[PDB]
Each structure stands twice: as structure tokens, then as C-alpha cells.
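Data from query.txt: compact mmCIF, C-alpha atoms and all ligand atoms
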# COMPACT_ATOMS: atom_id res chain seq x y z
CA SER A 300 -9.71 -24.82 19.05
CA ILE A 301 -10.08 -24.16 15.30
CA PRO A 302 -12.93 -25.77 13.31
CA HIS A 303 -11.65 -28.23 10.72
CA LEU A 304 -13.50 -26.28 8.03
CA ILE A 305 -11.39 -23.19 8.75
CA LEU A 306 -8.21 -25.29 8.72
CA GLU A 307 -9.07 -26.32 5.17
CA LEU A 308 -9.62 -22.66 4.22
CA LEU A 309 -6.20 -21.72 5.61
CA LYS A 310 -4.55 -24.31 3.35
CA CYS A 311 -5.77 -22.37 0.31
CA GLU A 312 -3.94 -19.22 1.38
CA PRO A 313 -1.18 -18.19 -1.05
CA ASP A 314 2.46 -18.30 -0.01
CA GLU A 315 2.97 -14.68 1.04
CA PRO A 316 6.74 -14.39 0.39
CA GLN A 317 6.39 -15.93 -3.08
CA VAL A 318 3.50 -13.64 -4.04
CA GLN A 319 5.50 -10.61 -2.90
CA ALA A 320 8.61 -11.63 -4.84
CA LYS A 321 6.55 -12.31 -7.98
CA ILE A 322 4.62 -9.02 -8.08
CA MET A 323 7.79 -7.16 -7.08
CA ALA A 324 9.52 -8.57 -10.17
CA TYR A 325 6.61 -7.56 -12.41
CA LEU A 326 6.62 -3.94 -11.27
CA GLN A 327 10.41 -3.69 -11.47
CA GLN A 328 10.17 -4.99 -15.05
CA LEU A 339 4.11 5.44 -16.22
CA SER A 340 2.30 7.30 -13.45
CA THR A 341 2.16 5.97 -9.91
CA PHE A 342 -1.56 5.42 -10.48
CA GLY A 343 -0.58 3.50 -13.61
CA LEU A 344 1.88 1.43 -11.59
CA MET A 345 -0.89 0.64 -9.10
CA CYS A 346 -3.12 -0.51 -11.97
CA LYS A 347 -0.34 -2.96 -12.85
CA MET A 348 -0.02 -4.04 -9.21
CA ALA A 349 -3.78 -4.59 -8.92
CA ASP A 350 -3.81 -6.51 -12.22
CA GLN A 351 -1.15 -8.86 -10.82
CA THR A 352 -3.04 -9.19 -7.53
CA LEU A 353 -6.13 -10.27 -9.47
CA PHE A 354 -4.10 -13.06 -11.06
CA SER A 355 -3.15 -14.25 -7.56
CA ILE A 356 -6.80 -13.98 -6.50
CA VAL A 357 -8.03 -16.08 -9.43
CA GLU A 358 -5.44 -18.74 -8.62
CA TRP A 359 -6.38 -18.65 -4.93
CA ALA A 360 -10.03 -19.34 -5.78
CA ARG A 361 -9.00 -21.88 -8.42
CA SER A 362 -6.87 -23.65 -5.79
CA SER A 363 -9.74 -23.51 -3.36
CA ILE A 364 -11.62 -26.36 -1.79
CA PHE A 365 -15.30 -26.04 -2.76
CA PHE A 366 -14.67 -23.51 -5.52
CA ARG A 367 -12.84 -26.03 -7.70
CA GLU A 368 -16.01 -28.15 -7.84
CA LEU A 369 -18.09 -25.48 -9.58
CA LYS A 370 -18.12 -25.50 -13.36
CA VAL A 371 -16.27 -22.70 -15.13
CA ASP A 372 -19.42 -20.69 -15.86
CA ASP A 373 -20.33 -20.53 -12.17
CA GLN A 374 -16.69 -19.80 -11.29
CA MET A 375 -16.72 -16.81 -13.65
CA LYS A 376 -19.93 -15.32 -12.20
CA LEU A 377 -18.69 -15.45 -8.61
CA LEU A 378 -15.30 -13.94 -9.45
CA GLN A 379 -16.83 -11.27 -11.68
CA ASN A 380 -19.15 -10.35 -8.80
CA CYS A 381 -16.55 -9.95 -6.02
CA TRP A 382 -13.11 -9.31 -7.56
CA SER A 383 -12.92 -5.70 -6.35
CA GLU A 384 -14.31 -6.58 -2.92
CA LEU A 385 -11.62 -9.25 -2.52
CA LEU A 386 -9.01 -6.72 -3.64
CA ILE A 387 -10.09 -4.21 -0.97
CA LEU A 388 -10.54 -6.85 1.73
CA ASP A 389 -7.02 -8.15 1.03
CA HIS A 390 -5.70 -4.58 1.21
CA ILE A 391 -7.53 -3.92 4.49
CA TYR A 392 -6.32 -7.11 6.17
CA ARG A 393 -2.76 -6.38 4.99
CA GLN A 394 -2.88 -3.10 6.94
CA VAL A 395 -4.35 -4.83 9.99
CA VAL A 396 -1.43 -7.27 10.20
CA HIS A 397 1.62 -5.49 8.74
CA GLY A 398 0.25 -1.94 8.86
CA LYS A 399 1.44 0.94 11.00
CA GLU A 400 0.07 4.39 11.76
CA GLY A 401 0.45 6.72 8.80
CA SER A 402 1.76 4.11 6.35
CA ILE A 403 0.35 1.92 3.59
CA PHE A 404 1.68 -1.60 3.00
CA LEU A 405 1.47 -2.92 -0.55
CA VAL A 406 1.15 -6.50 -1.78
CA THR A 407 4.77 -6.17 -2.98
CA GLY A 408 5.85 -5.83 0.67
CA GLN A 409 6.73 -2.14 0.31
CA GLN A 410 5.89 0.33 3.08
CA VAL A 411 4.99 3.81 1.81
CA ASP A 412 4.03 6.90 3.80
CA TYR A 413 0.28 7.49 3.60
CA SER A 414 0.48 11.21 2.83
CA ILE A 415 2.88 10.63 -0.07
CA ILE A 416 0.87 7.88 -1.77
CA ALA A 417 -2.38 9.67 -0.93
CA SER A 418 -1.08 12.70 -2.82
CA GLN A 419 -0.18 10.53 -5.82
CA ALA A 420 -3.63 8.89 -5.65
CA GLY A 421 -5.58 12.14 -6.00
CA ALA A 422 -8.47 13.47 -3.96
CA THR A 423 -11.14 10.92 -4.93
CA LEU A 424 -9.03 7.81 -4.32
CA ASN A 425 -7.59 9.27 -1.11
CA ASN A 426 -11.16 9.44 0.20
CA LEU A 427 -11.72 5.74 -0.51
CA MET A 428 -8.31 4.87 0.96
CA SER A 429 -9.20 6.88 4.08
CA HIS A 430 -12.53 5.06 4.44
CA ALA A 431 -10.66 1.75 4.18
CA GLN A 432 -8.22 2.91 6.86
CA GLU A 433 -11.21 3.51 9.13
CA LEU A 434 -12.20 -0.13 8.65
CA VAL A 435 -8.60 -1.16 9.40
CA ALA A 436 -8.75 0.65 12.74
CA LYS A 437 -12.10 -0.92 13.65
CA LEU A 438 -10.96 -4.44 12.73
CA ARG A 439 -7.80 -4.00 14.82
CA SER A 440 -9.86 -3.07 17.88
CA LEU A 441 -11.95 -6.20 17.28
CA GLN A 442 -8.79 -8.37 17.22
CA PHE A 443 -9.48 -9.48 13.65
CA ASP A 444 -7.23 -12.49 12.95
CA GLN A 445 -6.28 -14.75 10.05
CA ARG A 446 -8.88 -17.45 10.77
CA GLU A 447 -11.63 -14.83 10.59
CA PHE A 448 -10.02 -13.27 7.50
CA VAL A 449 -10.14 -16.43 5.38
CA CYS A 450 -13.76 -16.92 6.46
CA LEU A 451 -14.69 -13.46 5.18
CA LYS A 452 -12.84 -14.09 1.91
CA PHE A 453 -14.96 -17.18 1.26
CA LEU A 454 -18.17 -15.42 2.32
CA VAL A 455 -17.37 -12.69 -0.20
CA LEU A 456 -16.54 -15.26 -2.89
CA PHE A 457 -19.56 -17.51 -2.23
CA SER A 458 -22.15 -14.76 -2.39
CA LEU A 459 -25.89 -15.48 -2.32
CA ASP A 460 -26.74 -12.30 -4.27
CA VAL A 461 -25.32 -13.86 -7.46
CA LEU A 464 -25.99 -20.42 -11.05
CA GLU A 465 -25.96 -24.04 -12.23
CA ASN A 466 -25.08 -25.17 -8.68
CA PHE A 467 -26.64 -22.67 -6.28
CA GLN A 468 -26.99 -25.56 -3.81
CA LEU A 469 -23.21 -25.77 -3.40
CA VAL A 470 -22.83 -21.99 -3.06
CA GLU A 471 -25.66 -21.74 -0.53
CA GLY A 472 -24.27 -24.68 1.44
CA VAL A 473 -20.75 -23.28 1.52
CA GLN A 474 -22.13 -19.93 2.70
CA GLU A 475 -24.09 -21.56 5.53
CA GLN A 476 -21.21 -23.75 6.73
CA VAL A 477 -18.61 -20.97 6.60
CA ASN A 478 -20.95 -18.68 8.55
CA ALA A 479 -21.45 -21.40 11.17
CA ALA A 480 -17.71 -22.06 11.42
CA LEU A 481 -16.97 -18.34 11.79
CA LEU A 482 -19.60 -17.96 14.53
CA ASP A 483 -18.25 -21.03 16.34
CA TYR A 484 -14.67 -19.75 16.09
CA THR A 485 -15.36 -16.18 17.23
CA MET A 486 -17.60 -17.28 20.10
CA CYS A 487 -15.09 -19.86 21.34
CA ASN A 488 -11.91 -17.83 20.81
CA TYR A 489 -13.12 -14.28 21.62
CA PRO A 490 -16.04 -14.84 24.01
CA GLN A 491 -15.41 -11.58 25.89
CA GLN A 492 -15.71 -9.66 22.60
CA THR A 493 -19.50 -9.61 22.53
CA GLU A 494 -21.14 -10.12 19.13
CA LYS A 495 -17.78 -10.24 17.32
CA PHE A 496 -19.38 -12.46 14.66
CA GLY A 497 -21.96 -9.81 13.82
CA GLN A 498 -19.42 -6.98 14.02
CA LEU A 499 -17.27 -8.73 11.41
CA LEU A 500 -20.15 -9.36 9.00
CA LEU A 501 -21.15 -5.69 9.26
CA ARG A 502 -17.92 -4.76 7.47
CA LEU A 503 -18.72 -6.74 4.31
CA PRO A 504 -21.41 -4.29 3.08
CA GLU A 505 -19.01 -1.44 3.94
CA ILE A 506 -16.13 -2.99 1.99
CA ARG A 507 -18.46 -3.69 -0.93
CA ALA A 508 -19.61 -0.06 -1.09
CA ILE A 509 -15.96 1.04 -1.15
CA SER A 510 -15.18 -1.46 -3.91
CA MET A 511 -18.15 -0.28 -6.00
CA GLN A 512 -16.90 3.30 -5.75
CA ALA A 513 -13.39 2.12 -6.60
CA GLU A 514 -14.63 0.28 -9.71
CA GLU A 515 -16.59 3.32 -10.91
CA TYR A 516 -13.48 5.47 -10.52
CA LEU A 517 -11.22 3.02 -12.36
CA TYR A 518 -13.86 2.57 -15.07
CA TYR A 519 -13.97 6.36 -15.46
CA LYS A 520 -10.18 6.53 -15.75
CA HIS A 521 -10.21 3.74 -18.34
CA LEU A 522 -12.83 5.46 -20.49
CA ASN A 523 -10.73 8.60 -19.98
CA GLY A 524 -7.65 6.79 -21.32
CA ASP A 525 -5.70 6.79 -18.04
CA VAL A 526 -5.59 3.03 -17.33
CA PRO A 527 -2.64 1.44 -19.20
CA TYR A 528 -2.79 -1.99 -20.77
CA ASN A 529 -3.99 -4.49 -18.13
CA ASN A 530 -6.21 -7.03 -19.85
CA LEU A 531 -7.44 -8.83 -16.73
CA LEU A 532 -8.22 -5.66 -14.77
CA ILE A 533 -10.05 -4.12 -17.73
CA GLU A 534 -11.93 -7.34 -18.50
CA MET A 535 -13.20 -7.52 -14.92
CA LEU A 536 -14.30 -3.88 -15.15
CA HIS A 537 -16.39 -4.73 -18.23
CA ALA A 538 -17.98 -7.76 -16.52
CA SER B 743 -12.11 -14.16 -22.18
CA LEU B 744 -8.84 -14.17 -20.24
CA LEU B 745 -10.63 -15.10 -17.01
CA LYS B 746 -12.21 -18.13 -18.68
CA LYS B 747 -8.77 -19.05 -20.03
CA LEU B 748 -7.38 -18.97 -16.47
CA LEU B 749 -10.19 -21.10 -15.03
CA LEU B 750 -9.94 -23.68 -17.84
CA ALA B 751 -6.18 -24.21 -17.40
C1 LIG C 1 -8.20 -0.84 -5.95
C2 LIG C 1 -6.91 -0.38 -5.90
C3 LIG C 1 -6.38 0.41 -7.08
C4 LIG C 1 -6.35 -0.12 -8.38
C5 LIG C 1 -5.85 0.61 -9.49
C6 LIG C 1 -5.34 1.91 -9.32
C7 LIG C 1 -5.35 2.46 -8.03
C8 LIG C 1 -5.86 1.71 -6.94
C9 LIG C 1 -6.13 -0.71 -4.58
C10 LIG C 1 -6.60 -2.01 -3.87
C11 LIG C 1 -5.38 -2.71 -3.31
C12 LIG C 1 -4.31 -2.43 -4.36
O1 LIG C 1 -4.44 -3.40 -5.36
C13 LIG C 1 -4.67 -1.03 -4.96
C14 LIG C 1 -3.82 0.13 -4.40
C15 LIG C 1 -4.70 0.83 -3.38
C16 LIG C 1 -4.19 2.03 -2.59
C17 LIG C 1 -3.06 2.93 -3.22
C18 LIG C 1 -3.55 3.93 -4.31
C19 LIG C 1 -2.40 4.76 -4.94
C20 LIG C 1 -2.76 5.36 -6.31
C21 LIG C 1 -1.64 6.23 -6.88
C22 LIG C 1 -6.05 0.48 -3.58
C23 LIG C 1 -7.24 1.00 -2.89
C24 LIG C 1 -7.42 0.82 -1.50
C25 LIG C 1 -8.55 1.31 -0.80
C26 LIG C 1 -9.56 2.01 -1.49
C27 LIG C 1 -9.40 2.21 -2.87
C28 LIG C 1 -8.26 1.71 -3.55
Before we go any further, please render this structure as C-alpha cells.
Ligand SMILES: C=C(c1ccccc1)[C@@]12CC[C@@H](O)[C@@H]1CC(CCCCCC)=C2c1ccccc1
Amino acid sequence: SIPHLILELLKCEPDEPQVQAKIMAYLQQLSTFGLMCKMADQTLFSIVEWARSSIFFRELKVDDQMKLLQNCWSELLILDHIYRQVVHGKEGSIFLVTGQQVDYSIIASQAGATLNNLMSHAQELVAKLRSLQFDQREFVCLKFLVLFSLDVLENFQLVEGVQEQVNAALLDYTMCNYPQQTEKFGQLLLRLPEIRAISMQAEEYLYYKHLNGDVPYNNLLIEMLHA
Amino acid sequence: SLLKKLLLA
């Protein structure tokens, strides 16, 4: 069965069709890279609301809420992207938060050499998570582990306690629901440092483009880059 | 801060 803790995490998940329709409208309302900056900016709004909605997170005071989000926003962006490929993804395509399916080689061209490399690394993680049978229960657990980081507080006791209970619930779930997949718990946690390295490289690239004058007006994205 | 504005709403 599913631990009750994970059932509460699943309740915080955004309504996927409504998020798609909303970001779709925003983009329909400029380089392709510039359009993706807009798409990421809108995704960050959805991420902030997700955490704001969230059990546990909504108990922290604003100052603590800001630190956690400033520390993991890009990691959550990449993790969300990766899981989106795991579920809705196909070979040689990229699925966007707007619901669009684009050919990888086309969007990789538009992304340039550097970004294509990071996108390709992420696709490697997609393939590994698929072979591990990564599912939605495990996904929401990783999202909260990324959000409630210990490497970041007025209430470190809450953060530490959330981290320990989510870890225990994820171990219980993977052991009980994928017992033939040996060490699935550890194999999932291994990907968090990998995703974080990708997100650090992504931030440095976007920060470079911003200083270079290539990132159009996106106040939330830019503010998080300056955090 | 826009982020702080979002969290205070
Ligand atoms: C962090 C990104 C990004 C932000 C601003 C500009 C460009 C990318 C993402 C993460 C998921 C989507 O929001 C973004 C879209 C995407 C892949 C398509 C890039 C096409 C550019 C013309 C991102 C991504 C995914 C994996 C590794 C690095 C970036």
C-alpha cells in the first residue's frame, strides 16, 4: 500500500491540465530560447504556488520559505522536466510543460551546443529512471527532499524532521512496492546530486545569457538567478 | 522581492 505521508504529498500536486492551459495561454500571448525563458518563468510561478500549497512548507515563516526556494528552484525545474519525459516522453522527443511535443533534434538545435549538452545529460537520467520504474509516488517524495534540503533557518527542526520522515516513507514505499528492484531507494537518491549538478550548470548558463543581455524581461526568473 | 510578495499573499 501507499504510506499516508505520501498520500498527503500527492494532494499538493498541481492540476496538470490547468497548468498546461495556463502556461499555453501565456506563451501564445523573440527567440525560441527567449520563449523558453518565459516558459520557465511561468513554471517557477507554479512551483512557488505548489510549495505554498504544501503541507509542512506552509508552516515555515516566509524567511525560511524564501531560503529553501532560492536554494532549489532550478533543481525543481529540472526534476519536473525529467519526470515529464519519464511519463509522457518518447524516444527522440521533448515534452514541454505546455503539453507540446517537439522533436529533440529541432529544439536541441535552437538551444545551442551548451544547453543541448545539459539536455542530453538530463535525457540520460530519464532513461535510467524509466528502467528503475520511477513512478509518481517516488516523484513527489524527491520533490520534497529537494525542497526540504539539509544543506540550507529559524525552524531547522521542522526541515530536518520533514526530511527524515519523507526519506523513511520513500524507503518503505520502494521496498514494499518494488522489492525485486534491489536498492531502488538508494538508486533514486543517487540522482539528486546529478540533477543538482545539471541545474547549477543551467543557472550559470542562464546567468551568463542575462549578463549578456539575452534573457528578456522575466522578473521572477531573474530574481531567482540573483538569489 | 517578488518571491516574498508571492509567499506573503
Ligand atoms: C532550465 C530550462 C531553461 C530555462 C530558460 C531557457 C532555456 C532553458 C529548462 C527546464 C525545463 C524548462 O523550464 C526549460 C526548457 C528546457 C529544455 C529546452 C531548451 C530549449 C532552448 C531553446 C530546460 C532544460 C532541461 C534540461 C537541462 C537544461 C535545461
Please list as a ChimeraX atom specification every residue within 12 Å of segment 745-750 of chain B, counting all atoms listed in the file and excluding residues in the same chain fewer than 3 positions away. /A:350,353-363,366-379,382,530-538
At a cut-off of 9 Å and counting only C-alpha atoms and all ligand atoms, what residues surround ligand LIG 1 (chain C)? Please answer as a ChimeraX atom specification. /A:340-353,383-391,403-406,413,416-421,424-432,506,509-510,512-514,516-517,526,532
Could you please determine the separation between atom CA of residue 453 of chain A and atom CA of residue 494 of chain A in Å, to one decimal place? 20.2 Å
By how many Å are atom CA of residue 443 of chain A and atom CA of residue 305 of chain A apart?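 Going from atom CA of residue 443 of chain A over to atom CA of residue 305 of chain A, I get 14.7 Å.
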To one decimal place in Å, what is the distance between atom CA of residue 395 of chain A and atom CA of residue 448 of chain A?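 For atom CA of residue 395 of chain A relative to atom CA of residue 448 of chain A, the distance reads 10.5 Å.
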